[PDB]
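Novice: The structure is given below, and queries will be raised subsequently.
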Amino acid sequence: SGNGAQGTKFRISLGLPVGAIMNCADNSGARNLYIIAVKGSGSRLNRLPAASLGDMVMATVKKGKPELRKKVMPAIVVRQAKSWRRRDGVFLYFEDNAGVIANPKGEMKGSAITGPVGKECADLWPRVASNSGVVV
Amino acid sequence: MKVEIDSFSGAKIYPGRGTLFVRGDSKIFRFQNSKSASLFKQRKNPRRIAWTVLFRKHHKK
Amino acid sequence: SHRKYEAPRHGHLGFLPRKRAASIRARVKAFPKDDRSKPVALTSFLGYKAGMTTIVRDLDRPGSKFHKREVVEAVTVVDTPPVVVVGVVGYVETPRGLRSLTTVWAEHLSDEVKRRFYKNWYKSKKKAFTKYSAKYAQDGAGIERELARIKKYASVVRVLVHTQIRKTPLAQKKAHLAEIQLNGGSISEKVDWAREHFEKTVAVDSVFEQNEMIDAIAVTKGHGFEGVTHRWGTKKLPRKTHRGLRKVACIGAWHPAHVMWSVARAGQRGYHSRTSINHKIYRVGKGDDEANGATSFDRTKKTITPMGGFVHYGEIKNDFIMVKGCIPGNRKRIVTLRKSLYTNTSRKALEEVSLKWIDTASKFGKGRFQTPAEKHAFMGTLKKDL
RNA sequence: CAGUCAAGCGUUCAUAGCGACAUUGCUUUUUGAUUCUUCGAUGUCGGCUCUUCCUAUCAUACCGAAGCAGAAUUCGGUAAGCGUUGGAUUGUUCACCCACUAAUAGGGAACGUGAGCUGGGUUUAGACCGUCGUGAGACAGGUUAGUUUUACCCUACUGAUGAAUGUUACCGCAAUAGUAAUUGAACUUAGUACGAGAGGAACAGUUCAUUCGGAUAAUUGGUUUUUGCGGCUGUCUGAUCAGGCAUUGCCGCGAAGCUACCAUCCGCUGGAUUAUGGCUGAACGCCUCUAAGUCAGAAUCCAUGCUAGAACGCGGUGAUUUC
RNA sequence: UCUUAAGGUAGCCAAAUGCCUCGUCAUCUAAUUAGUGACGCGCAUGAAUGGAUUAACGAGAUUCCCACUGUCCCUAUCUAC
RNA sequence: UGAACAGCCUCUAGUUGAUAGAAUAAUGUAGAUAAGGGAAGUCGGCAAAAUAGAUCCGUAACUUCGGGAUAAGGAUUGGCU
């Protein structure tokens, strides 16, 4: 995670490599995100920084508000839609994949969340489960 | 623990088995196998697929 | 010049050479340490891998996310019929390593072990160990001399065992015959323990018990001749590659003017002797007992055999070990079981494991029930059910 | 790349770290200088791939000195075990940025590597434009287009057999050979130590992750010739049931199979050490880690553990053929 | 202030033409030696040695967008030969 | 069938010739398919894939007033009476 770790991430199998355009979930004024890095990444030769649910990432909003388009900013995936294995043998998935903008400490820059969140990112980032509607 | 019901076809899902789809409005669907999973992505109607328990209930067998 | 990005060595040099190992039975390259304080018992066993499955247990570790909540994890089934101990051999050490001197057998021997010694049972004169039994049919007249020789000498005595190939549901009808180094008690206790155990069945619930850090020794399943990329893990070549994209591109610079040993290249993949460590046995179960696949929370009579049985194997009417982990080898493969080599804890080796639920789902596909009575109770009657 | 002396800088202090004037050298990645070799041809930039090697260390391990209160950060020592990334533009080597990182070390193997690739470059012929030339044309001045040949030989390698030790079968030994697991983060320790405050540590324990590795298919996900079941099209067998063909007619599902950090498991512990700190103790009646003796310790090294068995290194056991 | 026969007028421009040069600025992109719009002492642009402009066209050359995808992250599977 | 001497099936007619047979490793040549992501791969989106007929709704800049234009971007299509 970095700093925002009340609990570590058991490995959620990767489903959003670099360049992915994952939707924006908040009330910030953005619409969709573009993954440009992974914080806490790996490093293997000719291997992308591939993130998953709850990975703090760098991203650019390609599209929206003029003060939120075209810059570098941290983000938190909340929805993956690549099916991963929880410890208790259940593979769940979505069809949307999305994240929120964050600050480098971990509160959301936007004060709402559109849609469900995951239990993993709920346990891993506490401001989300405050700001989520539902949690699964 | 407990053993469950297919969200399409109505059959016991012993855990370890199956997948779990969630919609954008947070709707939780469970599927024992890719037969029921792919049929829901093809939006097949449970009251029409003739081995579904909803078929069983709608045709009273 | 110099390699434009640094990357790992693709593959592990220590498992060179990658040849087909010697036999269908795995060699054993080490044993537990000999110590007189432990009583005289085995250190190993030979069972068969019959199928994999995946059970539900409780995790109990103070600090996980899933402390005292549900998990479900992969196990492996090894059919373990209690083997017939006959005979023992003797090793004495030298600066040229160990050296054998003696091999003593039981008097009566079985059809399975003499079919191990034969190659043409359909045409044999049944002449096995006959003058050996002529040395037998006496008290110790040409026997107790080598027995006391082993007592006088011979630091390591290994029990010979052979499996029960008639009790496995296979069609091989030929027994495996292997060894166990006795690392309990002192030497005279070892040899008269074996002298007792001549023609005697020895069992896994006698040698082992639950929550034990065990080892598997197996020749992994064969996979023929092989391409370099799946044999070693190399990045493929692009589409525009005249002569082949499943290749390793360079194989060396100019000088060394050869192909170096480490350079990845084709060969055999599969059928390899390996030995894995750190397993935990999750059930010691009995074939002369119903409810084999029943845990403490279930308490319903159901065997570990799935409906329709394990694919390529069948029924588990012997005793069985249900152990954690991916042990190598496929179904029907003889695998050598072993105790540990080290007294680790990690706060892992000593965890009490609770059995809650066992997937007896149909491995022949993706099963929808656990029990044919359950299946009939669900679907009701059928056309075939009059 | 690395030293020697010390004018000074370093608040005061040459040497914490630096260091002018001089100086003695060391490597071949430069670039020259040469022309010793191949001009009856050594395929030629760069990149993609892949092994191995150097230590002149960027990170990891242990330490020592700091202008080290703590945090960080600088110097030095041992070691080459382990790791050294995703992209932008550029044909690019290099560069310059955006980031990730524990860190983005220099470098080599015929400026590794073309019967391994590609052919963007340069490097023929087509054509333009620019400048020069009276023209022919010239230009490491621009641009666009331009066929990238053979392995069946020998040797190496990787795997495979295989005659000869009386025959045959079985059980082992181990001389030899390689070796790997590596690196963070969270909690707690602790707002503790420490610090005027602001700030703010490390050891141990627990829990996961990065990179490598080696297995495995129970589930999941992938693959369909099971042409297995069902559906659809056009035409043929008078019609139906059934099917023929469309180079697997298409499509949904689908076992058996194989398979992914795209699935789960798993990666052992004993010793001898170097830098480094010491004990006893001289020479040098004081002192001293050193001269004789000796202790503690690294990812080192050697074992354990692992990997095939010398197909000319061995051991045991069994049965060894008649009318 | 000299000179050559006249000394670049309409235009176009880092252009298929610009050495320095990866020009300066704007745009483009997280990020651009590319592209794009401008600026002009433009080494060496410029008038049928044709200038500029342009609908439609074009197996021409080039940058971005959308959908798209095994090109790749990272490979795997079946068939025929 | 079909817009059709497209591609497919058949009639008449001609043929059934091209070395076979056994197993079906690696790598090929030819085919295809792939979960999440969607040029990041590459010099360059080369290759490959995705849109594809008919009917109807509707259509920008610019224009040499002829075009652009099937622009774009949507909808329905089978069978039976």
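Ligands are numbered from 1 in the order shown, residues from 1 within each chain, and chains are lettered A, B, ... in the order they appear in the structure tokens.
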Please provide as a ChimeraX atom specification all residues within 7 Å of stretch 41-46 of chain B, with the sequence filter that same-chain residues fewer than 6 positions apart are discarded (counting only C-alpha atoms (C1' of nucleotides)).
Specialist: /B:8-9,52,54-55
Novice: Need to verify the contact set: stretch 20-33 of chain B, 12 Å, only C-alpha atoms (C1' of nucleotides), exclusion of same-chain residues closer than 5 positions in sequence. Can you return it as a PyMOL selection string?
Specialist: (chain A and resi 23+25+79-86+89-98+114-118+132-136) or (chain B and resi 3-15+38-41) or (chain C and resi 365-369) or (chain D and resi 219-221+253-254)
Novice: Which chain C residues are at most 10 Å from chain F (counting only C-alpha atoms (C1' of nucleotides)), as a PyMOL selection string?
Specialist: chain C and resi 223-228+238-240+242-247+266-268
Novice: Could you please select, counting only C-alpha atoms (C1' of nucleotides), the residues of chain B within 9 Å of chain D and state them as a PyMOL selection string?
Specialist: chain B and resi 16-19+34-35+38-39
Novice: For chain A, which residues have at least one atom within 7 Å of chain C, if we go by only C-alpha atoms? Write them as a list in words, please.
Specialist: residues 45, 87, 88 and 89 of chain A
Novice: Keeping only N, CA and C atoms, write the selected residues to a file as a PDB file, in the first residue's frame.
Specialist:
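Contents of result_36.pdb, freshly written:
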ATOM      1  N   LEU A  45      11.672  -7.614 -16.302  1.00  0.00           N
ATOM      2  CA  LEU A  45      12.009  -7.054 -17.608  1.00  0.00           C
ATOM      3  C   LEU A  45      10.934  -7.329 -18.650  1.00  0.00           C
ATOM      4  N   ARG A  87      -9.458 -15.890   0.055  1.00  0.00           N
ATOM      5  CA  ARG A  87      -8.939 -16.986   0.866  1.00  0.00           C
ATOM      6  C   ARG A  87      -9.944 -18.108   1.086  1.00  0.00           C
ATOM      7  N   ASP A  88     -11.233 -17.791   1.143  1.00  0.00           N
ATOM      8  CA  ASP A  88     -12.263 -18.798   1.317  1.00  0.00           C
ATOM      9  C   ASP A  88     -12.884 -19.247   0.005  1.00  0.00           C
ATOM     10  N   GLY A  89     -12.084 -19.355  -1.051  1.00  0.00           N
ATOM     11  CA  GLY A  89     -12.443 -20.147  -2.206  1.00  0.00           C
ATOM     12  C   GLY A  89     -13.547 -19.594  -3.059  1.00  0.00           C
TER      13      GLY A  89
END
Novice: Mind listing as an MDAnalysis selection string which residues of chain E are within 10 Å of chain C, counting only C-alpha atoms (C1' of nucleotides)?
Specialist: chainID E and resid 71:72 74:75
Novice: For residue C:208, please output as a PyMOL selection string all residues within 12 Å (counting only C-alpha atoms (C1' of nucleotides); exclusion window: fewer than 6 positions along the same chain).
Specialist: chain C and resi 41-45+80+202+214+280-285+321+337-340
Novice: Which residues of chain A come within 8 Å of chain D, and for each one, what is the closest pair of atoms and their distance in Å to one decimal, counting only C-alpha atoms (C1' of nucleotides), sorted by chain and residue number, as CSV?
Specialist:
residue,atom,partner,partner_atom,distance
A:1,CA,D:185,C1',7.6
A:2,CA,D:185,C1',7.2
A:5,CA,D:186,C1',5.9
A:6,CA,D:186,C1',6.9
A:7,CA,D:186,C1',6.1
A:8,CA,D:186,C1',5.7
A:9,CA,D:208,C1',6.5
A:10,CA,D:208,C1',5.7
A:11,CA,D:209,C1',7.2
A:13,CA,D:262,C1',7.4
A:14,CA,D:262,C1',7.9
A:36,CA,D:99,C1',7.7
A:37,CA,D:100,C1',6.4
A:38,CA,D:100,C1',6.5
A:39,CA,D:100,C1',6.5
A:40,CA,D:100,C1',7.6
A:41,CA,D:100,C1',6.5
A:42,CA,D:210,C1',5.2
A:43,CA,D:85,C1',4.7
A:44,CA,D:85,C1',6.2
A:45,CA,D:85,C1',6.3
A:46,CA,D:86,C1',7.5
A:47,CA,D:86,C1',7.1
A:48,CA,D:86,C1',5.6
A:49,CA,D:86,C1',6.3
A:85,CA,D:220,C1',7.9
A:89,CA,D:219,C1',7.7
A:91,CA,D:220,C1',6.8
Novice: Write down, as a PDB file with N, CA and C atoms (P, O5', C5', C4', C3', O3' and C1' of nucleotides), in the first residue's frame, each residue of chain F that has any atom within 8 Å of an atom of chain A, counting only C-alpha atoms (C1' of nucleotides).
Specialist:
ATOM      1  P     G F  36     -12.903 -10.551 -20.221  1.00  0.00           P
ATOM      2  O5'   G F  36     -11.790  -9.753 -19.438  1.00  0.00           O
ATOM      3  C5'   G F  36     -12.156  -9.082 -18.263  1.00  0.00           C
ATOM      4  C4'   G F  36     -10.969  -8.538 -17.538  1.00  0.00           C
ATOM      5  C3'   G F  36     -10.255  -7.403 -18.214  1.00  0.00           C
ATOM      6  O3'   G F  36     -10.934  -6.186 -18.022  1.00  0.00           O
ATOM      7  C1'   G F  36      -8.693  -8.943 -17.423  1.00  0.00           C
ATOM      8  P     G F  37     -11.340  -5.280 -19.272  1.00  0.00           P
ATOM      9  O5'   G F  37      -9.968  -4.575 -19.629  1.00  0.00           O
ATOM     10  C5'   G F  37      -9.246  -3.939 -18.593  1.00  0.00           C
ATOM     11  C4'   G F  37      -7.815  -3.705 -18.960  1.00  0.00           C
ATOM     12  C3'   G F  37      -7.603  -2.922 -20.229  1.00  0.00           C
ATOM     13  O3'   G F  37      -7.675  -1.538 -20.003  1.00  0.00           O
ATOM     14  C1'   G F  37      -6.071  -4.739 -20.052  1.00  0.00           C
ATOM     15  P     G F  38      -8.400  -0.624 -21.078  1.00  0.00           P
ATOM     16  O5'   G F  38      -7.449  -0.742 -22.342  1.00  0.00           O
ATOM     17  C5'   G F  38      -6.144  -0.187 -22.417  1.00  0.00           C
ATOM     18  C4'   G F  38      -5.437  -0.666 -23.664  1.00  0.00           C
ATOM     19  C3'   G F  38      -5.823   0.032 -24.954  1.00  0.00           C
ATOM     20  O3'   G F  38      -4.688   0.055 -25.818  1.00  0.00           O
ATOM     21  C1'   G F  38      -6.341  -2.256 -25.129  1.00  0.00           C
ATOM     22  P     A F  40       2.636   3.670 -27.430  1.00  0.00           P
ATOM     23  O5'   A F  40       3.302   3.189 -26.073  1.00  0.00           O
ATOM     24  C5'   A F  40       2.562   3.167 -24.866  1.00  0.00           C
ATOM     25  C4'   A F  40       2.973   2.014 -23.994  1.00  0.00           C
ATOM     26  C3'   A F  40       3.655   0.874 -24.707  1.00  0.00           C
ATOM     27  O3'   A F  40       5.027   1.141 -24.928  1.00  0.00           O
ATOM     28  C1'   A F  40       2.049   0.038 -23.171  1.00  0.00           C
TER      29        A F  40
END
Novice: Which polymer residues have any atom within 9 Å of an atom of stretch 57-69 of chain E, counting only C-alpha atoms (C1' of nucleotides), with same-chain residues fewer than 6 positions away left out, as a PDB file with N, CA, C and O atoms (P, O5', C5', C4', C3', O3' and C1' of nucleotides), in the first residue's frame?
Specialist:
ATOM      1  P     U D 144      11.026   9.678 -44.902  1.00  0.00           P
ATOM      2  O5'   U D 144      10.511   9.023 -46.237  1.00  0.00           O
ATOM      3  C5'   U D 144       9.217   9.297 -46.696  1.00  0.00           C
ATOM      4  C4'   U D 144       9.050   8.762 -48.082  1.00  0.00           C
ATOM      5  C3'   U D 144       9.434   7.320 -48.291  1.00  0.00           C
ATOM      6  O3'   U D 144       8.493   6.407 -47.803  1.00  0.00           O
ATOM      7  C1'   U D 144      10.223   8.611 -50.073  1.00  0.00           C
TER       8        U D 144
ATOM      9  P     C E  28      -3.523  21.309 -25.376  1.00  0.00           P
ATOM     10  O5'   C E  28      -2.940  19.944 -25.924  1.00  0.00           O
ATOM     11  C5'   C E  28      -3.588  19.334 -27.018  1.00  0.00           C
ATOM     12  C4'   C E  28      -2.723  18.319 -27.710  1.00  0.00           C
ATOM     13  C3'   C E  28      -2.067  17.272 -26.849  1.00  0.00           C
ATOM     14  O3'   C E  28      -2.982  16.250 -26.495  1.00  0.00           O
ATOM     15  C1'   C E  28      -0.543  18.063 -28.457  1.00  0.00           C
ATOM     16  P     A E  34      10.817  17.252 -33.205  1.00  0.00           P
ATOM     17  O5'   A E  34       9.921  16.350 -34.141  1.00  0.00           O
ATOM     18  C5'   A E  34      10.513  15.345 -34.924  1.00  0.00           C
ATOM     19  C4'   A E  34       9.539  14.238 -35.154  1.00  0.00           C
ATOM     20  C3'   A E  34       8.235  14.685 -35.757  1.00  0.00           C
ATOM     21  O3'   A E  34       8.322  14.888 -37.151  1.00  0.00           O
ATOM     22  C1'   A E  34       7.787  13.300 -33.920  1.00  0.00           C
ATOM     23  P     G E  35       7.974  16.335 -37.736  1.00  0.00           P
ATOM     24  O5'   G E  35       6.397  16.437 -37.547  1.00  0.00           O
ATOM     25  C5'   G E  35       5.535  15.466 -38.115  1.00  0.00           C
ATOM     26  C4'   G E  35       4.153  15.553 -37.550  1.00  0.00           C
ATOM     27  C3'   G E  35       3.463  16.881 -37.665  1.00  0.00           C
ATOM     28  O3'   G E  35       3.010  17.124 -38.978  1.00  0.00           O
ATOM     29  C1'   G E  35       3.065  15.963 -35.547  1.00  0.00           C
ATOM     30  P     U E  36       2.917  18.600 -39.577  1.00  0.00           P
ATOM     31  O5'   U E  36       1.953  19.363 -38.586  1.00  0.00           O
ATOM     32  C5'   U E  36       0.550  19.167 -38.614  1.00  0.00           C
ATOM     33  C4'   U E  36      -0.103  20.052 -37.591  1.00  0.00           C
ATOM     34  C3'   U E  36       0.276  21.507 -37.701  1.00  0.00           C
ATOM     35  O3'   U E  36      -0.379  22.215 -38.731  1.00  0.00           O
ATOM     36  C1'   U E  36       0.496  20.844 -35.471  1.00  0.00           C
TER      37        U E  36
ATOM     38  P     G F  38      -8.400  -0.624 -21.078  1.00  0.00           P
ATOM     39  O5'   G F  38      -7.449  -0.742 -22.342  1.00  0.00           O
ATOM     40  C5'   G F  38      -6.144  -0.187 -22.417  1.00  0.00           C
ATOM     41  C4'   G F  38      -5.437  -0.666 -23.664  1.00  0.00           C
ATOM     42  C3'   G F  38      -5.823   0.032 -24.954  1.00  0.00           C
ATOM     43  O3'   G F  38      -4.688   0.055 -25.818  1.00  0.00           O
ATOM     44  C1'   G F  38      -6.341  -2.256 -25.129  1.00  0.00           C
ATOM     45  P     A F  48      -3.246 -10.807 -42.153  1.00  0.00           P
ATOM     46  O5'   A F  48      -4.157 -11.043 -40.881  1.00  0.00           O
ATOM     47  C5'   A F  48      -3.960 -12.190 -40.071  1.00  0.00           C
ATOM     48  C4'   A F  48      -4.496 -11.984 -38.675  1.00  0.00           C
ATOM     49  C3'   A F  48      -5.890 -11.391 -38.559  1.00  0.00           C
ATOM     50  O3'   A F  48      -6.904 -12.374 -38.641  1.00  0.00           O
ATOM     51  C1'   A F  48      -4.434 -10.238 -37.141  1.00  0.00           C
ATOM     52  P     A F  49      -8.298 -12.059 -39.362  1.00  0.00           P
ATOM     53  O5'   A F  49      -9.207 -11.430 -38.221  1.00  0.00           O
ATOM     54  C5'   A F  49      -9.335 -12.054 -36.958  1.00  0.00           C
ATOM     55  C4'   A F  49      -9.701 -11.060 -35.887  1.00  0.00           C
ATOM     56  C3'   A F  49     -10.891 -10.180 -36.187  1.00  0.00           C
ATOM     57  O3'   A F  49     -12.109 -10.822 -35.863  1.00  0.00           O
ATOM     58  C1'   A F  49      -9.113  -8.849 -35.424  1.00  0.00           C
ATOM     59  P     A F  50     -13.418 -10.580 -36.747  1.00  0.00           P
ATOM     60  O5'   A F  50     -13.943  -9.202 -36.210  1.00  0.00           O
ATOM     61  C5'   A F  50     -14.238  -9.071 -34.846  1.00  0.00           C
ATOM     62  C4'   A F  50     -14.406  -7.629 -34.506  1.00  0.00           C
ATOM     63  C3'   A F  50     -15.270  -6.835 -35.457  1.00  0.00           C
ATOM     64  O3'   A F  50     -16.655  -7.019 -35.286  1.00  0.00           O
ATOM     65  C1'   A F  50     -13.314  -5.657 -35.083  1.00  0.00           C
ATOM     66  P     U F  51     -17.614  -6.851 -36.556  1.00  0.00           P
ATOM     67  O5'   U F  51     -17.549  -5.308 -36.828  1.00  0.00           O
ATOM     68  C5'   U F  51     -18.516  -4.425 -36.328  1.00  0.00           C
ATOM     69  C4'   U F  51     -18.715  -3.355 -37.350  1.00  0.00           C
ATOM     70  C3'   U F  51     -19.499  -3.776 -38.576  1.00  0.00           C
ATOM     71  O3'   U F  51     -20.901  -3.779 -38.409  1.00  0.00           O
ATOM     72  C1'   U F  51     -17.529  -2.728 -39.268  1.00  0.00           C
TER      73        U F  51
END
Novice: Just list as a list in words whatever in stretch 44-133 of chain A DSSP marks as strand (DSSP E or B).
Specialist: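 Secondary structure check on stretch 44-133 of chain A, strand (DSSP E or B): residues 51, 56, 57, 58, 59, 60, 61, 62, 63, 64, 73, 74, 75, 76, 77, 78, 79, 84, 85, 91, 92, 93, 98, 99, 100, 101, 102 and 108 of chain A.
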Novice: Please provide the set of residues having any atom within 8 Å of residue C:364, restricted to only C-alpha atoms (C1' of nucleotides), with same-chain residues fewer than 2 positions apart removed, written as a list in words.
Specialist: residues 308, 310, 311, 362, 366 and 367 of chain C; 255 of chain D
Novice: Between F:21, F:14, F:31, F:2, which is the closest to residue D:248 once you count only C-alpha atoms (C1' of nucleotides)?
Specialist: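 When distances to residue D:248 are compared using only C-alpha atoms (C1' of nucleotides), the smallest one comes from F:31.
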Novice: Which polymer residues have any atom within 12 Å of an atom of residue F:54, counting only C-alpha atoms (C1' of nucleotides), with same-chain residues fewer than 6 positions away left out, as a list in words?
Specialist: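 The contact residues come out as residues 3, 76 and 77 of chain F.
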Novice: Write out, as a PDB file, in the first residue's frame, the residues just selected, with N, CA and C atoms (P, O5', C5', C4', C3', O3' and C1' of nucleotides).
Specialist:
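Now in again_21.pdb:
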ATOM      1  P     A F   3     -31.451 -11.223 -53.960  1.00  0.00           P
ATOM      2  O5'   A F   3     -30.823 -10.108 -54.885  1.00  0.00           O
ATOM      3  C5'   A F   3     -31.566  -9.592 -55.962  1.00  0.00           C
ATOM      4  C4'   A F   3     -30.650  -9.219 -57.077  1.00  0.00           C
ATOM      5  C3'   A F   3     -29.897 -10.376 -57.672  1.00  0.00           C
ATOM      6  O3'   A F   3     -30.646 -10.944 -58.723  1.00  0.00           O
ATOM      7  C1'   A F   3     -28.431  -8.565 -57.220  1.00  0.00           C
ATOM      8  P     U F  76     -33.279  -3.018 -33.498  1.00  0.00           P
ATOM      9  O5'   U F  76     -34.175  -3.777 -34.575  1.00  0.00           O
ATOM     10  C5'   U F  76     -35.592  -3.713 -34.522  1.00  0.00           C
ATOM     11  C4'   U F  76     -36.208  -3.885 -35.885  1.00  0.00           C
ATOM     12  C3'   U F  76     -35.955  -5.208 -36.573  1.00  0.00           C
ATOM     13  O3'   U F  76     -36.816  -6.224 -36.126  1.00  0.00           O
ATOM     14  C1'   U F  76     -35.562  -3.464 -38.090  1.00  0.00           C
ATOM     15  P     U F  77     -36.287  -7.728 -36.049  1.00  0.00           P
ATOM     16  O5'   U F  77     -36.007  -8.121 -37.559  1.00  0.00           O
ATOM     17  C5'   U F  77     -37.091  -8.456 -38.406  1.00  0.00           C
ATOM     18  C4'   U F  77     -36.733  -8.376 -39.864  1.00  0.00           C
ATOM     19  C3'   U F  77     -36.297  -9.687 -40.497  1.00  0.00           C
ATOM     20  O3'   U F  77     -36.888  -9.842 -41.775  1.00  0.00           O
ATOM     21  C1'   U F  77     -34.641  -8.045 -40.830  1.00  0.00           C
TER      22        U F  77
END
